[PDB]
Amino acid sequence: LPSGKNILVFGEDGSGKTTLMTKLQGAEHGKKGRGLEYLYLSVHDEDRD
Amino acid sequence: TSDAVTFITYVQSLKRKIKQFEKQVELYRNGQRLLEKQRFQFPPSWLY
Amino acid sequence: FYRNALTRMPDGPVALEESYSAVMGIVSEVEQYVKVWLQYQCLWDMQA
């Protein structure tokens, strides 16, 4: 099964990039910090379950 | 015309089996996906 | 509240980077140490 995918992004400081990314997995907000951050995408497929 | 009528009667006989074959396809889709989510080693001779 | 100390770094991003670097020290070894161990699950995929 596919695994190890990765996503990068740039957004200007305080452009809601963290808000969008945290909304993708459903969390209202993560942590607005400095430097590279890290988060998830919990991708579920019912066909492969 | 005998050949044509034989062909058309054969295909109209196939018509009824078309729907049984379609439900066979659907139930086997269900079964194959279930077997995948049961994680069974499909043999090399298995036809996908 | 002050958020500029990273640019105010006396030694530059290196002090940050090395910190971040240690990350894929640890986790990498972790997954490595997991991988071969996780390999044992294959025993079930192979029926008697």
# chains A, B, ... in the order shown; residues from 1 in each chain; ligands from 1

call {"tool": "interface_residues", "arguments": {"of": "chain B", "to": "chain C", "cutoff": "8 Å", "atoms": "only C-alpha atoms", "output": "count of residues only"}}
result
3

call {"tool": "select_by_dssp", "arguments": {"residues": "chain A", "states": "alpha helix (DSSP H)", "output": "number ranges by chain"}}
result
A: 17-25

call {"tool": "write_last_selection", "arguments": {"atoms": "N, CA and C atoms", "output": "PDB file, in the first residue's frame"}}
result
ATOM      1  N   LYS A  17      -1.745  29.664   6.653  1.00  0.00           N
ATOM      2  CA  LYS A  17      -1.268  28.376   6.162  1.00  0.00           C
ATOM      3  C   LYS A  17      -1.427  27.295   7.221  1.00  0.00           C
ATOM      4  N   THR A  18      -1.048  27.596   8.463  1.00  0.00           N
ATOM      5  CA  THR A  18      -1.231  26.626   9.535  1.00  0.00           C
ATOM      6  C   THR A  18      -2.708  26.342   9.763  1.00  0.00           C
ATOM      7  N   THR A  19      -3.560  27.360   9.618  1.00  0.00           N
ATOM      8  CA  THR A  19      -4.992  27.153   9.796  1.00  0.00           C
ATOM      9  C   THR A  19      -5.545  26.220   8.728  1.00  0.00           C
ATOM     10  N   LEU A  20      -5.165  26.441   7.469  1.00  0.00           N
ATOM     11  CA  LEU A  20      -5.589  25.532   6.411  1.00  0.00           C
ATOM     12  C   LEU A  20      -5.089  24.121   6.672  1.00  0.00           C
ATOM     13  N   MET A  21      -3.803  23.984   6.984  1.00  0.00           N
ATOM     14  CA  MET A  21      -3.237  22.653   7.147  1.00  0.00           C
ATOM     15  C   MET A  21      -3.894  21.919   8.306  1.00  0.00           C
ATOM     16  N   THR A  22      -4.146  22.620   9.411  1.00  0.00           N
ATOM     17  CA  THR A  22      -4.792  21.979  10.547  1.00  0.00           C
ATOM     18  C   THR A  22      -6.257  21.675  10.259  1.00  0.00           C
ATOM     19  N   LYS A  23      -6.908  22.468   9.402  1.00  0.00           N
ATOM     20  CA  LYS A  23      -8.275  22.141   9.014  1.00  0.00           C
ATOM     21  C   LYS A  23      -8.322  20.896   8.141  1.00  0.00           C
ATOM     22  N   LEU A  24      -7.266  20.644   7.363  1.00  0.00           N
ATOM     23  CA  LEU A  24      -7.262  19.463   6.498  1.00  0.00           C
ATOM     24  C   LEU A  24      -7.498  18.173   7.278  1.00  0.00           C
ATOM     25  N   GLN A  25      -6.834  17.991   8.417  1.00  0.00           N
ATOM     26  CA  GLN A  25      -7.092  16.793   9.208  1.00  0.00           C
ATOM     27  C   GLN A  25      -8.213  16.978  10.223  1.00  0.00           C
TER      28      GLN A  25
END

call {"tool": "atom_distance", "arguments": {"atom1": "CA of residue 28 in chain A", "atom2": "CA of residue 3 in chain C"}}
result
23.1 Å

call {"tool": "interface_residues", "arguments": {"of": "chain B", "to": "chain A", "cutoff": "8 Å", "atoms": "only C-alpha atoms", "output": "list in words"}}
result
residues 33, 36 and 37 of chain B

call {"tool": "interface_residues", "arguments": {"of": "chain A", "to": "chain C", "cutoff": "10 Å", "atoms": "only C-alpha atoms", "output": "PDB file with C-alpha atoms, in the first residue's frame"}}
result
ATOM      1  CA  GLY A  33       5.660  28.805  15.641  1.00  0.00           C
ATOM      2  CA  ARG A  34       8.975  29.671  14.005  1.00  0.00           C
ATOM      3  CA  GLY A  35      10.990  27.536  11.628  1.00  0.00           C
ATOM      4  CA  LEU A  36       9.886  24.369   9.902  1.00  0.00           C
TER       5      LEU A  36
END

call {"tool": "atom_distance", "arguments": {"atom1": "CA of residue 15 in chain A", "atom2": "CA of residue 32 in chain A"}}
result
10.6 Å
